[PDB]
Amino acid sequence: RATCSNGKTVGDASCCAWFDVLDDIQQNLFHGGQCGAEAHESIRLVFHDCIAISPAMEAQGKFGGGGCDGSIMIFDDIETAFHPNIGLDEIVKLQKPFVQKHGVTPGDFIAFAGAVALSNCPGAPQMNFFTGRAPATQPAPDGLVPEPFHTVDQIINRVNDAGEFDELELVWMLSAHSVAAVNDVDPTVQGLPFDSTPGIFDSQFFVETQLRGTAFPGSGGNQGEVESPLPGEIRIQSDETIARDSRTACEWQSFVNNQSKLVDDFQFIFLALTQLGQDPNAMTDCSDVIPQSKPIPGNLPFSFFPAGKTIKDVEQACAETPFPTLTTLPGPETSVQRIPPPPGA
């Protein structure tokens, strides 16, 4: 343990340089510490860097990808052209100059920016940050990042190969869709959120994906898109099916009205994702650099039905426990506002 020049204690004096990186990204990437487009894009970038590993491919003498190696940045012209990585070159290009200026590894930076991004979102867990990711030497193969039109079987199998993650852990990692929008699936409109609170790390994603889908927020006929339950909200087929599948439905529902489980499980699974490709015992704990997460503001219940929705609108899929009869916000059904992204998204 060491004390940095700012008086903060950290796991190791090598962590102290990350306070310079923190100040720089908070002002110049996240527009003063916001949980907006760049924050959401950085959270997604962690998954797409890290899940690109495959012990199964390696066991046939094929490169399976290095996991959290910064390969999606170092080899951006290759990986960001893969279909599942659509729209990520925009955030890669915004991140690159910080990596160059601060002399940090591309994989460490991607993990850092994802943790800082989440710390900006009220309700987020206290996010971890470990260092020790050598620069990738090969780009990832394609076919390693899940698609919204993939089956539940293949997504379960994919995350079990990548990280020995089981079907329950697949549900936890999809909590990231609580602070997320879709730029590229609907060719007519960018920035359609997955839940009605894309600035808030909460279980609205788990509530709202359980509702009956009533309309497309924009165009119909988009591969891997299904009807959503609110105007301005997007829903993808993978989320819709995982929420109703007999293996995962009860786990999905368990996050409704359970902030502690949402926060504790996502803290765990995020750190696990950021260690793919690495020996955790070789890494340095710089978690004390990450800002203290903020609580959800206001005095409303943690989970709620959006205005215009009640228990009658829930497609209850959990045979163990009934979907909880939440409160319904007052007034007319309200449109979820789009989050316009930076150019090239």
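Throughout, we count residues from 1 along the sequence that is shown.
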- Query: Got a sec? Mean C-alpha B-factor, which is higher, 124 to 132 or 153 to 161?
  - Reply: 153 to 161
- Query: Which is higher on average in the deposited entry, the C-alpha temperature factors of 316 to 324 or of 63 to 71?
  - Reply: 316 to 324
- Message: Highest recorded C-alpha temperature factor, please, choosing from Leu276, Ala282, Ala37, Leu29.
- Response: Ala282
- Item | Top Cα B factor in the deposited entry, candidates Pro198, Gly221, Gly114, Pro146 | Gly221
- Query: So where's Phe216 on the chain's Cα temperature factor ranking, which third?
  - Reply: highest
- Note on the structure: Split the chain's modelled residues into thirds by Cα B-factor; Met57 lands in the highest
- Classify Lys261 as lowest, middle or highest third according to the C-alpha B-factor given in the PDB entry, relative to its own chain. lowest
- Message: Using the temperature factors of the C-alpha atoms in this entry, rank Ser42 within its chain: lowest, middle or highest third.
- Response: lowest
- Thinking about Cα B factors across the chain, which third does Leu88 belong to? middle
